[PDB]
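Okay, here's what each chain looks like letter by letter:
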Number of protein chains: 2
Amino acid sequence: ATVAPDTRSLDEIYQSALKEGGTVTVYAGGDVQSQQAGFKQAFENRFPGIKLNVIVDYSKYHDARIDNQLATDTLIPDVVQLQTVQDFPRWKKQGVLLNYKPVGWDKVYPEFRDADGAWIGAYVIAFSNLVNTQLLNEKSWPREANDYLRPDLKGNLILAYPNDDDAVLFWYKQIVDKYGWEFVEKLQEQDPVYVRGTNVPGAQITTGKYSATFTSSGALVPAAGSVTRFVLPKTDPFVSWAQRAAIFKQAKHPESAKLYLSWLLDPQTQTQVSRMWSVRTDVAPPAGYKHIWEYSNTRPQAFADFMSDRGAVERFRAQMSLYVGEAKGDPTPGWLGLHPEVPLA
Amino acid sequence: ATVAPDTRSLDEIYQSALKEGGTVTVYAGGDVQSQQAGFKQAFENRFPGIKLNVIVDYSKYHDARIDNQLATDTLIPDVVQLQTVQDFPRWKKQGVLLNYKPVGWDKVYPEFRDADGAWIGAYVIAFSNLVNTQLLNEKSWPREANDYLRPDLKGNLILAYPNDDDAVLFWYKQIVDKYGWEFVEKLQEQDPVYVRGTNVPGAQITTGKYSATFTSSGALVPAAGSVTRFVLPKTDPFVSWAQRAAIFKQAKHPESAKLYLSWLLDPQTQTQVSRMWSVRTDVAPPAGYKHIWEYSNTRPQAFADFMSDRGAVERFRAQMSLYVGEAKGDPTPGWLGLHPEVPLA
Ligand SMILES: [Fe+3]
Ligand SMILES: [Fe+3]
């Protein structure tokens, strides 16, 4: 189907969605269910009568889960949203995605949406420096990769496993490109603590157990009283991308899915719920920042290009494994199995 | 450089190799060091004064290891020998392999050798049924995949993790192609015990802890008094391939490396040391068997084709992981790190 952007108001879509039973099911990529709590609360407050049944798991498990459900005709979710961005052109070509251009589609940065409406970039995520501002004064915030190699940061770093998350991995890819394998060798001499779940480094830095990490997302607008700060490099690369979302052709609740995607693109959602950059050209960067496509030291398309060559990703991942070891510990979302219909209890 | 098969006798190559210091270092794919003990013993007994410094690790770790050593100019081994067969044309194209047609090159089945001498099929491995013949009479040996679903085998199977070894994985790929995902579903209801290391199921079947496994190698001619038997299906597919070996262009001991490759193809090695099929057309299979390329229910090239598409391999691996869980336990070869120069202590 050839479609035009939805011309309905959010409330008009909501009236249609209400007739579908009161729930929309989203398989969302992430580390822990709480990372989507803010979206769920905001959505459900905005739309009484419709539950956002968002279920969080690592994107590399959700995409497999979806492929298997499609193979076995047991598809559960209405919507998929993941950082494994290469899946979306593949699912599109497979014919399993509903072409839908949500409200505001015309204002999305072209790179951040499919031309036919098969998928949409929902919001921007970036991985870079997160520092404890009480442990480190501003003049000593590590911002470039090699700052993390200075003597006083030995034993004070906590890092997400790069062999457990390809967005984390891509940070290392860009840095090895620039500084060589020697960076990775010297980094290990800092006795970093590696953990699964990209939420965990920020959590432990917040409680003052570690001082900094260079592969974390975070609020561009810190809360008053915050003891952490997301800080971009002055010159070194950082990782960024638009999290991709799509509606399945055979979704049981298509209008509820449309409501969800249109709500995600709404300027208020983009500025007050999403905590980093917007995918829209008519939404102002938070004061002090530029649009994500205006930074010379990141390139969201580069992450997409990276993710499209699985052999190249695999070969780089396995080499990183030899430096950091196998990814220890349980997966942070818990084990959802083949057919989760609700979040883990 | 265009080369012809080595026209020297083994003894001639051996005289040259003796001048190089008495060691040849081989990075060999495998689950545990003891799997190469037979080769090591036979080689060193045939060529006093030359040590086969064969170092065993999972192929998926050795190839990354080699890539990183190449990238950092820290290459250690003279010879690489792995099941990750797709690595060999890539290393060929990178220019890091020494073109060398060993003695007997002309008699290697064409599919099992590089046209230029960049690599050679060293010996044939197959994964299929291994049964305990004391626990199970012949009429009840499971041979077909669906035999393993019978009631009395519940709690009585031990299986290599398919998400820890791609040759193990390919067995499942072929069986899902034929029987669908339902086989994998029903298999989990049999409560199989999964383990890392393809040696481990056999080891535990041999002591009578389990009755059978369907992804193991084994002797085509069982030893006198054996309590296990390697048995092919009557009709279902099984996995087979020629393990590939190559000499590095910058091998420190090239004549010793050539001795090793020529020794691999020597009739005595192909008939008395290698325990499954030979890569040579002029080596008769044991009675009861045909050449590995004459079975309609296996195809060595299908495994090579499989392994060449890393994205397809990844997507199938991740789905299998949803059924069997993450691969638990330590890696069976131990942790060798970036630069092993000798086997682990
Ligand atoms: Fe990922
Ligand atoms: Fe493998």
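Residues numbered from 1 in each chain as written, not as in the entry; some residues may be left out. Chains lettered and ligands numbered in written order. Heavy atoms only, no water.

As deposited, the entry is annotated with X-ray crystallography as its determination method and 1.80000342375 Å as its resolution.

Under the PDB entry, the name given to chain A is ABC-type Fe3+ transport system, periplasmic component, and the source organism is Dickeya dadantii. This structure appears in the PDB under the title "Structure of iron bound IbpS from Dickeya dadantii".

Participant: Any chance you could break down the interface of chain A and chain B for me, citing the residues and the numbers?
Facilitator: On the side of chain B, 27 residues touch chain A, which itself brings 27 residues to the contact. Interface area for chain A against chain B, summed over the two sides, is near 2,400 Å², with a carbon-plus-sulfur share of 59%. Broken down residue by residue, the surface that chain A buries against chain B is led by A:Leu322, A:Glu326 and A:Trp335, which jointly contribute 27%. For the pair chain A and chain B, the number of links is 6 salt bridges. Measuring nitrogen to oxygen at the nearest pair gives 2.6 Å for the salt bridge that ties A:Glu314 to B:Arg310. For the pair chain A and chain B, the number of links is 11 residue pairs in polar contact. Of all the elements in the fold, those that place two or more residues in the side of chain A that touches chain B are α3 (59-72) and α11 (310-324) of chain A. (Contact = heavy atoms within 4.5 Å. Buried area = accessible area lost by both parts, 1.4 Å probe. Salt bridge = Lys/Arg side-chain N within 4 Å of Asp/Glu carboxyl O. Polar contact = N/O pair within 3.5 Å; in protein donor to acceptor, adjacent residues only side chain to side chain. Helix = DSSP H or I, 4+ residues; strand = E, 2+ residues; numbered from the N terminus.)

Participant: Requested: an account of the layout of surface pockets, with residues and values cited.
Facilitator: Put simply, the second largest pocket is a space of about 260 Å³. Along its surface, the second largest pocket is lined by A:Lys173, A:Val176, A:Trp181, A:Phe306, A:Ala312, A:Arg315, A:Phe316, A:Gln319, B:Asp67, B:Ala71, B:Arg90 and B:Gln94. Of all the secondary-structure elements, those providing two or more residues to the lining of the second largest pocket are α5 (166-179) and α11 of chain A together with α3 (59-72) and α4 (87-94) of chain B. The element contributing the most residues to the lining of the second largest pocket is α11(A), with 4 residues. For the lining of the second largest pocket, a count of residues per class yields 6 nonpolar, 2 polar and 4 charged. (1 Å grid on protein atoms, 1.4 Å probe; cavity = no way out; pocket = protein on both sides within 12 Å on 5 of 7 lines; lining within 4 Å. Points joined across faces, edges and corners; volume = space filled by probe spheres on them. Nonpolar A, V, L, I, M, F, W, Y, C, P; charged D, E, K, R; others polar.)

Participant: Could you give me a rundown of helix α10 (residues 300-308) of chain B, with the residues and numbers involved?
Facilitator: Residue and element names in this part refer to chain B. Among all positions of α10, only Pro 300, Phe 303, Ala 304, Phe 306 and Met 307 are buried. End-on, the buried residues of α10 take up no more than an arc of 160°, which puts them together on one face. Next to the buried residues of α10 lie α5 (166-179), β9 (239-247) and α11 (310-324). (Buried < 20%, exposed > 50% of the residue type's maximum accessible area, 1.4 Å probe, protein only. Arc of directions from axis to C-beta.)

Participant: Could you give an account of the relation of the copies chain A and chain B, naming the residues involved and the relevant values?
Facilitator: Structural alignment of chain A on chain B gives an RMSD of 0.2 Å, achieved by rotating through 180° and translating 0.0 Å along the axis. The two molecules are tied by a two-fold rotation axis, judged by turn and shift. Of every C-alpha in chain A, the one belonging to A:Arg310 sits nearest the axis of rotation, 3.0 Å from it. Of the interface residues in chain A, 96% have counterparts in chain B that sit at the interface too, so the contact is made through matching surfaces. (Least-squares fit on C-alpha atoms.)

Participant: Explain unusual backbone geometry residue by residue, including any values.
Facilitator: Working note: non-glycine residues mostly have negative phi, and peptide bonds are mostly trans. Residues other than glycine seldom take positive phi values, yet A:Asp73 does so here, at roughly 55°. Along the polypeptide, A:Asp73 turns up in the loop between α3 and β3 (79-82). In this model, B:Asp191 sits at a positive phi of 45°, which is unusual for a non-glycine residue. Taking relative accessible area as the criterion, B:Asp191 reaches 47% and is therefore assigned partly exposed.

Participant: Hey, could you go over the pattern of salt bridges for me, with residue numbers and the actual values?
Facilitator: Under the definition given, this model contains 43 salt bridges over all chains. One salt bridge in this structure joins B:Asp166 and B:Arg310, with 2.8 Å as the shortest N-O distance. Remark: B:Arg310 occurs in helix α11 and B:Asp166 occurs in helix α5; sequence separation between them is 144 residues. Taking the relative accessible area as the measure of exposure, B:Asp166 reaches 12% and is therefore buried. Here B:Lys258 ties to B:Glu255 by a salt bridge, and the two come within 2.9 Å at their closest N and O atoms. Of this pair, B:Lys258 and B:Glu255 both sit in helix α8 (residues 254-265), 3 residues apart, roughly one helical turn. Taken individually, B:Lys258 and B:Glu255 each receive the classification buried, so the pair is uniform in this respect. Within the structure, one salt-bridge network assembled from shared partners comprises A:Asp6, A:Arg8, A:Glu255 and A:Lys258.

Participant: Explain the pairing of strand β2 (residues 51-57) of chain B to me, using residue names and the numbers behind them.
Facilitator: All names here are of chain B. Counting buried positions over the 7 residues of β2 gives 6, a clear majority of the element. As judged from the 7 bridges shared by strand β1 (residues 23-29) and β2, these two strands associate in the parallel manner. By the bridge assignment, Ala 28 is partnered in β2 with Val 56. Between the parallel elements β1 and β2, the chain passes through helix α2 (residues 37-46) in a crossover that is right-handed. (Pairing = 2+ DSSP bridges. Right-handed = clockwise from strand over helix to strand, strands pointing away.)

Participant: Tell me about a negative patch on the surface, residues and numbers included.
Facilitator: Residue and element names in this part refer to chain A. A surface patch of like charges, here negative, comprises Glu 182, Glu 185, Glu 189 and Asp 191. One can find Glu 189 in the loop between α6 (181-188) and β6 (193-195). Classification of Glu 189 as partly exposed rests on a relative accessible area of 48%. (Patch = residues over 30% accessible without salt bridge, like charges linked within 9 Å, V, L, I, M, F, W, Y side chains within 5 Å. Areas by Shrake-Rupley, 256 points an atom, 1.4 Å probe, with all protein chains shown as cover. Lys, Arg positive; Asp, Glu negative; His and termini not counted. Charge placed at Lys NZ, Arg CZ, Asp CG, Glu CD.)

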